[PDB]
Amino acid sequence: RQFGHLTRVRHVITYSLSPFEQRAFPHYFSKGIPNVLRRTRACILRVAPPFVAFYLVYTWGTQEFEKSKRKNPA
Amino acid sequence: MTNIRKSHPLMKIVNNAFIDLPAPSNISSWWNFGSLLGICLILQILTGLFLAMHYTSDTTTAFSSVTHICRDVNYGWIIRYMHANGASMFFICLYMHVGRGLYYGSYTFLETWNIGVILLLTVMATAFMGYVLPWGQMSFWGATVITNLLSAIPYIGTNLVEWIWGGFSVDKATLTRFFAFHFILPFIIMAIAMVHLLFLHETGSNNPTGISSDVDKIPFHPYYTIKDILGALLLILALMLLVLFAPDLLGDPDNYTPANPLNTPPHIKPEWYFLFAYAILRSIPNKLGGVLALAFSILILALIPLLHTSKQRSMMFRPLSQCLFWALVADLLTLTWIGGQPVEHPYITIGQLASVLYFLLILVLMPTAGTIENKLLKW
Amino acid sequence: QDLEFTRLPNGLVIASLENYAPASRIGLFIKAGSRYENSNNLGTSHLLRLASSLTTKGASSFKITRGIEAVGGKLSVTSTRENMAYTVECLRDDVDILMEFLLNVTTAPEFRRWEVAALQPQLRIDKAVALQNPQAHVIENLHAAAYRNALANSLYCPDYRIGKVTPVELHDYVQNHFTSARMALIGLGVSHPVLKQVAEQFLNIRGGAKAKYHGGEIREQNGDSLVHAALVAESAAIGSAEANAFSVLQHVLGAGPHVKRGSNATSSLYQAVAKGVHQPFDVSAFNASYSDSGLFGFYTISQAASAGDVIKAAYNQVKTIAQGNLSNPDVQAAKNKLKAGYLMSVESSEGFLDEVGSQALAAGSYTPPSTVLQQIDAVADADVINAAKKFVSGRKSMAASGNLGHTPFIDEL
Amino acid sequence: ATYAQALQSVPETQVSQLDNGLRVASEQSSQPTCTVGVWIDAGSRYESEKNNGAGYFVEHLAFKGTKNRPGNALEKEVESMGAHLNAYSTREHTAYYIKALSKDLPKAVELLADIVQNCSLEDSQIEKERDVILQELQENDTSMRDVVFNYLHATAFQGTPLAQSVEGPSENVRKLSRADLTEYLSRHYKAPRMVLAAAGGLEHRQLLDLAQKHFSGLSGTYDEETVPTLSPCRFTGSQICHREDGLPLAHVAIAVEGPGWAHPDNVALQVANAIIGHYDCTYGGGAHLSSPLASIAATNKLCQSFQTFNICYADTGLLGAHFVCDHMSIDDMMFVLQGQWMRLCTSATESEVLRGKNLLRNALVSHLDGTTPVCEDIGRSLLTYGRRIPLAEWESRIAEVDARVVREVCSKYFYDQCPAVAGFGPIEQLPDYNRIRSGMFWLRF
Amino acid sequence: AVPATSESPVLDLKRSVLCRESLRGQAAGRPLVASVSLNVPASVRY
Amino acid sequence: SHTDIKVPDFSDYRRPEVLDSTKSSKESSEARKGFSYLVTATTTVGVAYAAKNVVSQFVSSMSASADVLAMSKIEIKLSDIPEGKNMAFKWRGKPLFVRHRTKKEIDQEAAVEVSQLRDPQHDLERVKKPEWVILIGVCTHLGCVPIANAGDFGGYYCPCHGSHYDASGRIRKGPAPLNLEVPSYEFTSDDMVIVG
Amino acid sequence: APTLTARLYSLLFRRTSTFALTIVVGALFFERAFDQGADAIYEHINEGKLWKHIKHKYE
Amino acid sequence: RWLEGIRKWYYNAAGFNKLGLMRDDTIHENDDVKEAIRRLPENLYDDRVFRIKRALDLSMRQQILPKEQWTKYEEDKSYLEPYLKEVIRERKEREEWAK
Amino acid sequence: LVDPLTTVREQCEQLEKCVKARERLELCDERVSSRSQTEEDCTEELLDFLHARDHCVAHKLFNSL
Amino acid sequence: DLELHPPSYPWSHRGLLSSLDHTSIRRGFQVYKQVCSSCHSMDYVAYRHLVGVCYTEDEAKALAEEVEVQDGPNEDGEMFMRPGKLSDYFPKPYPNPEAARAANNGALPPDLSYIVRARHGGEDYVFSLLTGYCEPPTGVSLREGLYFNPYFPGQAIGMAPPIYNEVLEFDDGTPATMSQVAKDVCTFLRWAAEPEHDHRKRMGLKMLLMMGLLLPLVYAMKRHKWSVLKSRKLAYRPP
Ligand SMILES: Cc1c(-c2ccc(Cc3ccc(OC(F)(F)F)cc3)cc2)[nH]c2ccccc2c1=O
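Residues numbered from 1 in each chain as written, not as in the entry; some residues may be left out. Chains lettered and ligands numbered in written order. Heavy atoms only, no water. Residues with missing side-chain atoms left out of burial classes, pairs and counts.

If you check the header, you'll see the entry was determined by X-ray crystallography and the resolution is listed as 3.20 Å.

Structure follows, in structure tokens:
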């Protein structure tokens, strides 16, 4: 399927500016920084937990392997 | 007409596949990986061909020819390290690519997806035989262990293994044939990848919302031609950062002492991108059992679509699933770690647990998660 | 400079005012309108009108287009029921290039099978576009309803005939209708001497029924919420004195808007109808006049449900004109309107060419505007009441289009 | 007895002025009929957002009675002398005029004066013409040409008074009080903003006199504080895309910024525009047509119709094309059209420019035929240029243009410049702005 | 020479009438004419 | 009405050059394009730089390696070949002959009837220093090694098909079509010859 | 006088042919400038360490 | 009943409402959904088209609506149910008939 | 000739982390060298010491070269 | 089998953009020459490789001339022995592995060409091994010639502490302390295993700079093209 035969759409206007009339980075840090933070909060409690858990299973297991390879005092 | 772009039998195809192709407005950076995989493939082929202009597959000369490349051939080093880090970048790009597919439910495009599974398997076969060609310790010993696993197969197993080998051990024939297969396969990958897109372009792309996008399509040019250039640029930065500042980081030292059928290296292990499945093999104590688990640890991908339960396509709007998925990722990162460790405490247990968690997540937890979510929407 | 005039022995008229303008209009007028089609070749003249710019003996189809365009020129072909008009315009220095083209198109078209075949679909397009104006449905219908022959002929080729007008019919039609005895060659911005000489050398071509009024009705049911409707009786023929009576009666009753967005406070009909019914509507006296015949009446446009009321209201207004209610102030208005209209219509060098050539066929020669205004003045209040009288008692023809569920039949009126 | 010559002895235009500053202009011939009226520098460009479409509102009220002739007296009187009374509003120019017997020129000019100056604007007549505009606004909604052009302006001159439609937003039509109308009128209808123009059989002297007789009360007193001046209008490279797949055919209108009324480049542009030309499916031409856009569109049924335009405003304009085509053809129309702009820009031929010349010569000579076109040419020229340009002057500027000029001039406006695009209807195919914009240059030049 | 006043697209939905002020000027008054051209859009007149 | 549509405010998004609604964008059109195309143009110069280097390297790889270059040349101490003696060396896996020619042989090759030669190549056209003739020990017929101080011309004799060469290395007798090959060489001093 | 970016545009970047000639010239200069200037940065960072630096002691 | 606690929670966590999407906008289109959509009236189709267009454009920008604009849990009418239910009920019937 | 290495090994040895680790060394020194019939040895304690010593040695030795 | 990993010594080439100290390599070369060449081999480095790195062309020629190497045959069919050229590699101590074991009590000395690359820890590791030789801990009896090194796997190595103070005089007269001798030889063994090191890092800096240019440029090109869509406002205006 080619542009022209994709789907049926009715009563939607779209206004847009030429790239040469506008700037590449409107409000880049002003708006950027808060939007990143919003985005970060929204997923952190879904993304981060498992990697925390990896960190723990990993650091526990590593030094358990080191400890177990030392001689036992008995 | 006059748009040769649309007219010419050859240009028509490019126009339809790279220029006027309706792409969704909203595809994320996770969609860059297809393009990047393509580049990885070309990259391997160029560097590969240039390495093959100087290498020899005779067991006696093989290691030396590779060092000869890195010492005496002009820029042979940057070519070789590029090819080896390029293989890494290939797998990173692959795993992100497949990850995208899982999270966003792209695998609903079944032919596209399965062809993906074939592509994955083939790049694995390619990269397995590639690491042998230098003929260092880890090359040789890694190759002996893995290949040998096939011997687990009742009856024929033991014959089949010596048939791959062309002898009673990984020796001359093995390398010479591994050179040939390694050379021809990328080309077959090229073909299958074109079939991959051949199917893709029948539906066009999924997008992060998972919701059909024909109400807001944009032509690939210029939007995605520009993004791909940017993507590729970031790919080349990753590659070259490895190649020029840490070329040895991702490989193994033992692959700098020549292959010696006597001296067995301390902990033989394949390259990092196999370590997850290496660990899964080592979970299961029985050898044929561990072969079938390593087999299932990859082929399970072709099962994923059947296991799909959500009424929603993407995980975007699906919190439980998101979590279980990120679990599954981290679990894979744990299997990678565990696979690189000696078979000892506490790694044996961690591994066993991780391998159980892997199949459990794919076969049981994530399908359930789907249905709960549903019931919670009164789906 | 004023107008010159010639009628060669072969019957052909040349008329031409050299006015030394920067632009030159030449028109070849021919008694080859739709009326000269018979029941066998209906629609031929319509294809013939689309068919200029098709290869000729002296110029290719490519050359006609490219050549005329090169010089900023224009070639047009206009048809009524009775004539066809081939007109060329151009900067004055290129009249003889356009004249070459005009001659080729009209005296020597080749009508090649492949070209003629190729062009058939244009009949559908042309007609299709044209019939988007509902007035075109009703007028074409009206004529069909009112006449048994000739003037009944639609200008646009009937559907069944599209794809079926043959090369031979086109040849036959030109050969038998495009003749010296049937043609008047009119001109602005050109010397009469050399028009005459062109007409003698290039337009010397050897020559080759009465329209019976019937009275019927025809009704297109189509479900628009507006109903177009026209009611007419037989009027007098063009060229007769009585015809001037009709023109005046038309302008008494009301025949078109004078002020934009206006209420037409002097239009007798408009007011007659506006008193009965308030929602969107329009009405005009309709006046056609041909060589054999004429139709006079009125055209309404009404809401579907009020079509009954509007047509009756309009007809009633004519009845009181025919009974006798008609003051001089009204007939003075009407004459002034008509007089002003005529002069204005011939104000452009375009409308002028149409009048000169138009008269040249239907009458002996050019009647100056001054004589014509005098002839409008020549209409007595008596003649106007007769025109209306004739209409009320005359056998009726009717045509409607729309949702006709409240449109009355003739016998219902 | 040549063309060059014919131009030389075309009647000159008489130019005169009243105390208040009303200009009086006249072109005369032996003619039983005439046209005369008032052209005014007034329209939507002069309106703010709060009184938008006042000028249009007035147009409805203009012919609806005066103090001297209340109600239908004005109507009746025009009718009964066989005169034709007419009006129009653009974004820059209002115009009311009358087509009359040459003999009735006096009453003609009296009546015009009665309309302008002593316009009734009755309470109930306003409230009646209120509904009428609303319904006109509605019919206009079903004209795709109308809509697309309104949109081209709206996006082209966005955030200015030129973005404004003549008719005004319905909100205004519903709310405009009689107070707003009378205020608009006194501010904009002033003698130095106005021109009385006439053509036909009339001694100029008589017109000037008559001007005095009836237009003497016209004020020319803009206090220093409130002198209507037209701030330039910023054009923006932009797109407005009203997608309504329910309609049968797509309207696209695309323009670059033009130079506006004053500039001589307008002449060379007109030549170039005539090369590319205009088309529709009713044309005899087909493949053999001279313009490649036309022949290609015809042979391959790309569009149903198209025209190039070059609309001029004060110090800006819209130079482009509008086409109406199948929902599958928008890409191919846009590609050949833009193709054509580039070919003229880079590589115009002499013969084809000669054609353009000849077209434009022909165009504006045969346009000025009969009194109404000529009357209007006078009226508007006086507002736009400050004078009627003789035909022989037009011809001198036309002879001046060669291939080299057409290239240079077209390059100035078209080549690598941001267009404004409006599309309406099933425009799903209508190319992306970036693609349209990249279509304004050749990577071969 | 000049383009026509209202261009002609076939298959293109009709322009509406919603008042008396647009209607007047529509009621037919003289018989039909049809012009076709080389340049100018083809039209139909009273 | 559609006339109720007004275009949203783009001020937030606009370049400052085009913020002023009452001024012409045409000022800044020259400029705004300039800035944007500069980015494009700059970028291309950057990528040119890279692609040059990448291509340049890959092409380099296929050019001779350091080890092939290291058997490129040969250093022969001239003061170790006494007058009259033909010393052979190993070069490009080929025997390479370096002969100290006596006062006698110099005069004899200079006087040689050149139009009798199957392959002309005058002596002084085959040497840099007349007391030294450097030739590849490869017979031009079928690739054998000619033996020093044998044959009819007191130069070389190849036993394979009977090739006789003079002290300039020229073919005078037998089937060999060409004179023995003159290598590229130079003298780096009075003692040293670098062949290669 | 219009601005510097504007000067660059009308002189170098409007015609695509000049745009390309610019790129190749600028690249030639960029190349040497960047090579020379970056090499400086490397060699200063590794003062005295490089064979180029300790060359002189054995010649 | 008592699980309505979780539902309202899940709804907000799921978060499609932040794009002004209603639940049925998110339904993955199989053949049943396609038919159900195909059977929607003008009003309901055009709204769906819009809400998705809106949402997709938001997705691209990596933003959300203002909280006022978010689909309120309670105001989420289940627009596709009636059509979809019957599309399915119909298919199940012809499936039965094929035995 | 003084080796800078054996200088620094001394310098580093007098830090709390080191001195505590060599005490660990000496406890088992005279635990295994006092006891008999005990296959247990004391590398682990030497390595504890060397790890902490040589970490410090590294931080400072290259200064002298 | 506990393990003590080496500490991370602040080498002259540890950092991103830090080259090898070539004067250090020239010394370190000599520490291979006078000390290990007897026991260890280094097959991938030839006399030529030193040129432009630690030795002039002419110096490297002299170093080459100083050694015997077999060549042949001559036409008689004999293998002779001759002076080394630049094109000869650093020559092996023994004729084969089996012979090398005989000489060192069963242990085969590894080739040193890639030793920095082929041992986890690299120059940190080798340096710790060379300087980390110590007396056994109490409780410990190593076997015959199995000396005690805390950094070797299994803690017992079959290599005598090869370096000690003044085990050679350096060409440039650096005080040959054990630590200095180990530092230098490691610097050379780095270069042995990775001759590209310096060139590579040059390329690193030029790549970081080019990417520094191109990444934000191309990012801006992207945002430019994309700004058409980013800016756009939508309106649903149903009848
Ligand atoms: C086609 C497509 C792409 C896309 C894929 C690859 C590349 C770079 C590349 C790789 C291999 C090539 O070899 C070939 F084809 F020439 F033989 C050539 C080029 C660039 C782009 N990317 C997409 C991203 C999002 C959505 C769709 C696509 C897509 O269809």
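Back to the text.
How do you make sense of the interface of chain C and chain D when you look at a structure like this?
The interface is formed by 44 residues belonging to chain C together with 49 residues belonging to chain D. A buried area of about 3,900 Å², summed over both sides, lies between chain C and chain D, and 55% of it is on carbon and sulfur atoms. Of all residues in chain C, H258, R261 and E347 of chain C give up the largest surface area on contact with chain D, accounting jointly for 19% of the area buried on that side. For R261 of chain C, the salt bridge goes to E59 of chain D, with nearest N and O atoms at 2.7 Å. Our count for the chain C to chain D interface comes out at 31 residue pairs in polar contact. Broken down by secondary-structure element, the contributors of at least two residues to the side of chain C that touches chain D are strand 3 (23-30), helix 2 (61-70), strand 5 (84-91), helix 5 (121-130), helix 12 (328-345) and helix 13 (349-362) of chain C. Considering only residue class, the side of chain C that touches chain D consists of 18 nonpolar, 15 polar and eleven charged. (Contact = heavy atoms within 4.5 Å. Buried area = accessible area lost by both parts, 1.4 Å probe. Salt bridge = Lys/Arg side-chain N within 4 Å of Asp/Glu carboxyl O. Polar contact = N/O pair within 3.5 Å; in protein donor to acceptor, adjacent residues only side chain to side chain. Helix = DSSP H or I, 4+ residues; strand = E, 2+ residues; numbered from the N terminus. Nonpolar A, V, L, I, M, F, W, Y, C, P; charged D, E, K, R; others polar.)

Teacher, can you tell me more about the site of the ligand here?
All names here are of chain B. With respect to spatial proximity, 14 residues lie near the ligand, and among them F18, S35, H201, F220 and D228 are the closest. At a separation of 3.1 Å, a nitrogen atom of the ligand approaches a polar side-chain atom of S35. Here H201 contributes a side-chain N or O atom positioned 2.5 Å from an oxygen atom of the ligand. Burial of the ligand by the surrounding chains reaches 72%, relative to a free accessible area of 620 Å². Those elements giving two or more residues to the shell around the ligand turn out to be helix 2 (9-19), helix 3 (33-52) and helix 9 (172-203). The leading source of residues in the shell around the ligand is helix 9, at four residues. (Near = heavy atom within 4 Å. Areas by Shrake-Rupley, 256 points an atom, 1.4 Å probe, with all protein chains shown as cover.)

When you look at the UniProt feature "binding site: a ubiquinone" in chain B in this model, what are you seeing that I'm missing?
According to UniProt, the positions carrying the feature "binding site: a ubiquinone" are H201 of chain B. Topologically, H201 of chain B is positioned in helix 9. (UniProt positions renumbered as here; feature names shortened; annotations may be inferred.)

Can you walk me through the state of the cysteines in this structure?
Where two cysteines share a covalent bond between their sulfur atoms, that bond is called a disulfide. Scanning the entire structure with this criterion turns up three disulfides over all chains. For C28 of chain I, the disulfide goes to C42 of chain I, at an S-S distance of 2.0 Å. Within this pair, whereas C28 of chain I is found in helix 2 (residues 16-32), its partner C42 of chain I is found in the loop between helix 2 and helix 3 (43-61), the two being separated by 14 residues in sequence. What makes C28 of chain I buried here is its relative accessible area of 1%. Residue classification places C42 of chain I among the buried positions, given a relative accessible area of 2%. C410 of chain D provides the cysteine sulfur closest to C345 of chain D, a residue in no disulfide bond, and the two sulfurs are 5.4 Å apart. (Disulfide = S-S within 2.5 Å. Buried < 20%, exposed > 50% of the residue type's maximum accessible area, 1.4 Å probe, protein only.)

Mind showing me how you'd approach the environment of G277 of chain D here?
Relative to the elements of secondary structure, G277 of chain D occurs in the loop between helix 10 (265-276) and strand 9 (278-280). Residue contacts for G277 of chain D: discarding those within four places in its chain leaves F306, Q307 and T308 of chain D.

Is there a simple way to explain the nonpolar core in this structure?
One finds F188 and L189 of chain J to be the most contacted residues of the largest nonpolar core, which totals 275 residues. In terms of residues, this core owes the most to one element, helix 5 (residues 76-104) of chain B, which gives 14 residues. Residues within four places of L189 of chain J in sequence aside, it is in contact with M42, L112, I115, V116 and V126 of chain J. (Core = buried A, V, L, I, M, F, W, Y, C linked by side-chain atoms within 4.5 Å.)

What exactly am I supposed to notice about the sheet that holds strand 5 (residues 147-148) of chain F here?
Think of a sheet as strands paired side by side through backbone hydrogen bonds, with each pair either parallel or antiparallel. Residues and elements named next belong to chain F. Spatial ordering of the open sheet is given by 5-6-7-8, a layout of four strands whose pairing is antiparallel. Of all the strands in the sheet, the pair left with one neighbour each is strand 5 and strand 8 (171-173). Pairing of strand 5 with strand 6 (residues 156-158) involves two bridges; the strand directions are antiparallel. Of the residues in strand 6, the one forming a bridge with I147 is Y157. (Pairing = 2+ DSSP bridges.)

Explain the packing of helix 12 (residues 287-299) of chain B against helix 14 (residues 347-377) of chain B to me, please; I cannot follow it from the model alone.
Relative placement of two packed helices is described by the angle separating their axes and the distance separating the axes. All names here are of chain B. The geometry of helix 12 relative to helix 14 is characterised by a closest axis approach of 11 Å and an angle of 45 degrees between their N-to-C directions. What the angle tells us is that helix 12 and helix 14 run oblique. Note on packing geometry: the crossing formed by helix 12 with helix 14 is left-handed. Contacts from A293, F296 and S297 of helix 12 reach helix 14 at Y358, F359 and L363. (Axes fitted to C-alpha atoms, helices over the stretch in contact; angles between N-to-C directions. Parallel < 35°, antiparallel > 145°, perpendicular 65-115°, else oblique. Left-handed = near helix turned anticlockwise from the far one by under 90°.)

Before we go on, may I ask you to explain the interface of chain E and chain C in this structure?
Interface size is commonly expressed as the accessible surface area that is lost when the partners come together. Facing the 33 residues of chain E at the interface are 56 residues of chain C. Counting residues per element, the ones that place at least two in the side of chain E that touches chain C are helix 1 (20-23) and strand 1 (33-37) of chain E. The element that contributes the greatest number of residues to the side of chain E that touches chain C is strand 1 of chain E, accounting for five residues. A class-by-class count of the residues in the side of chain E that touches chain C yields 20 nonpolar, seven polar and six charged. Note: strand 4 (residues 74-79) of chain C against strand 1 of chain E, four bridges, orientation antiparallel. When the sheet's bridge partners are listed, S79 of chain C is paired in strand 1 of chain E with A34 of chain E.

I keep staring at the arrangement of the chains and nothing clicks. Help me out?
These two, chain B and chain E, are apart from each other, with no contact and a minimum C-alpha gap of 22 Å. In this assembly chain B lies apart from chain G, the nearest approach of their C-alpha atoms being 14 Å.

Explain the packing of helix 2 (residues 31-38) of chain H against helix 4 (residues 81-97) of chain H to me, please; I cannot follow it from the model alone.
Residues and elements named next belong to chain H. Orientation of helix 2 relative to helix 4, taken along the N-to-C sense of each, is 125 degrees, at an axis distance of 8 Å. Comparing the axis directions of helix 2 and helix 4 gives the class oblique. Between helix 2 and helix 4 the crossing geometry is right-handed. Of the residues in helix 4, those touching helix 2 at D32, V33, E35 and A36 are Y83, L84, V87, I88 and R91. For the contact of helix 2 with helix 4, the residue count by class is six nonpolar, no polar and three charged.

Explanation requested: the pattern of salt bridges in the structure shown.
Two side chains of opposite charge can pair, provided their charged atoms sit close to one another. Inspection of the entire model under this criterion finds 115 salt bridges over all chains. The salt bridge partner of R404 of chain D is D402 of chain D, with a shortest N-O separation of 3.7 Å. Relative accessible area serves as the criterion here: at 22%, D402 of chain D is assigned to the partly exposed category. The shortest N-O distance in the salt bridge between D166 of chain F and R170 of chain F comes to 2.8 Å. Take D166 of chain F: its relative accessible area is 0%, and that puts it in the buried class. Of the residues examined, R170 of chain F reaches a relative accessible area of 0% and is grouped as buried. Through salt bridges with shared partners, one network takes in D248 of chain B together with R117, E123, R190, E194, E196 and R200 of chain J.

What am I meant to see in the pairing of strand 2 (residues 13-17) of chain C here?
Remember that side chains alternate between the two faces of the sheet whenever the strand is regular. All names here are of chain C. Across the five residues of strand 2, five count as buried, placing the element largely inside the fold. The alternating pattern of strand 2 places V13, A15 and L17 on one face and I14 and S16 on the opposite face, and all of these are buried. With four bridges joining them, strand 1 (residues 4-7) and strand 2 adopt antiparallel strand pairing. The residue of strand 2 that forms the bridge with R7 is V13. The turn linking strand 1 back onto strand 2 is made up of five residues, and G11 within it adopts a positive phi angle of 105 degrees.

Mind showing me how you'd approach the packing of aromatic side chains here?
Working definition: an aromatic ring pair is given by the centre-to-centre distance plus the angle between the planes. Across all of its chains, the model carries 88 aromatic pairs over all chains by this definition. Ring geometry for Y49 of chain F and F34 of chain G: centres 5.0 Å apart, planes at 70 degrees, overall edge-to-face. With one member in each of two chains, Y49 of chain F in helix 1 (residues 26-62) and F34 of chain G in helix 2 (residues 16-45) form a pair that bridges those chains. Taken as a pair, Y49 of chain F and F34 of chain G share a single burial class, namely buried. When the centroid spacing of 5.1 Å and the interplanar angle of 50 degrees are considered together, the rings of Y11 of chain H and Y73 of chain H count as tilted. Taken together, the positions of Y11 of chain H in helix 1 (residues 4-14) and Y73 of chain H in the loop between helix 3 (42-61) and helix 4 put the pair 62 residues apart, joining distant regions of the chain. For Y73 of chain H, a relative accessible area of 18% gives the class buried. Three or more aromatic residues joined by ring pairs form one cluster here, namely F29, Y32, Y47, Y55, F90, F188 and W191 of chain J. Sitting above the plane of the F391 of chain C ring, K396 of chain C keeps its charged end 4.9 Å from the centroid. (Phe/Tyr/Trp six-rings, centres within 6.5 Å; stacked < 30°, edge-to-face > 60°. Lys NZ or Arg CZ within 6 Å of the ring centre and 35° of its normal.)

What is the right way to look at the sheet that holds strand 2 (residues 43-45) of chain E in this model?
Read from one edge to the other, the open sheet built from eight strands follows the order 1(C)-2(C)-6(C)-3(C)-5(C)-4(C)-1(E)-2(E), with strand pairing classed as mixed. Because the sheet does not close on itself, it has two edges, and the strands there are strand 1 of chain C together with strand 2 of chain E. Averaged over all neighbouring strand pairs, the angle between strand axes comes to 15 degrees, with direction disregarded. Lying over the sheet, helix 8 (residues 192-202) of chain C contacts strand 1, strand 2 and strand 6 (183-188) of chain C, oriented at roughly 155 degrees with respect to strand 2 of chain C.

Teacher, can you tell me more about the UniProt feature "binding site: heme b b566" in chain B here?
Residues and elements named next belong to chain B. Here, UniProt's "binding site: heme b b566" annotation points to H97 and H196. These annotated residues cover 100 residues of sequence, and their C-alpha atoms all fall within 13.4 Å of one another, placing them together at a single site. Structurally, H97 can be placed in helix 5. In this structure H97 touches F33, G34, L37 and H196, once residues within four positions along its chain are discounted.

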